[PDB]
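Structure first, then comments.
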């Protein structure tokens, strides 16, 4: 899965 | 209207957990690349990683 974006 | 391409498990009290294939309506982008979304499938609303979804055809 792709990395989670910064919040 | 977007479709989930992946499962996503909530990591905060305001995230939305969803399963691959759920249909989501995007409410806003008040967390940037984190979007506030409503699941048409579960009725829940919360923030999602925008790179885990794509537009419904």
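We did not get these values from a lab; they are worked out from the coordinates using the rules stated. Because the Cβ atoms are built from the backbone with ideal geometry, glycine has one as well, and the counts that use them run over all protein chains shown.
Just wondering, is there one or more residues in the stretch B:4-15 that are surrounded by 15 or more Cβ atoms within 10 Å (Cβ to Cβ), in contact (Cβ under 8 Å) with a residue 12 or more places away in the chain, more than 12 Å from every other protein chain (Cβ to nearest Cβ) and out of contact with any helix residue (DSSP H, G or I) (no Cβ under 9 Å at 6 or more places or on another chain)?
No, the stretch B:4-15 has no match at all.
Filter the stretch B:32-57 for residues that are out of contact with any helix residue (DSSP H, G or I) (no Cβ under 8 Å at 6 or more places or on another chain), under 18 Å from residue A:5 (Cα atoms), crowded, with 18+ Cβ neighbours inside 10 Å and free of Cβ contacts under 8 Å to residues at least 40 places away in the same chain and give the result.
Residues satisfying the conditions are B:37, B:46, B:47.
Count, please, the residues in the stretch B:16-30 that happen to be crowded, with 17+ Cβ neighbours inside 10 Å and within 14 Å of chain A (Cβ to nearest Cβ).
Number of matching residues: 2.
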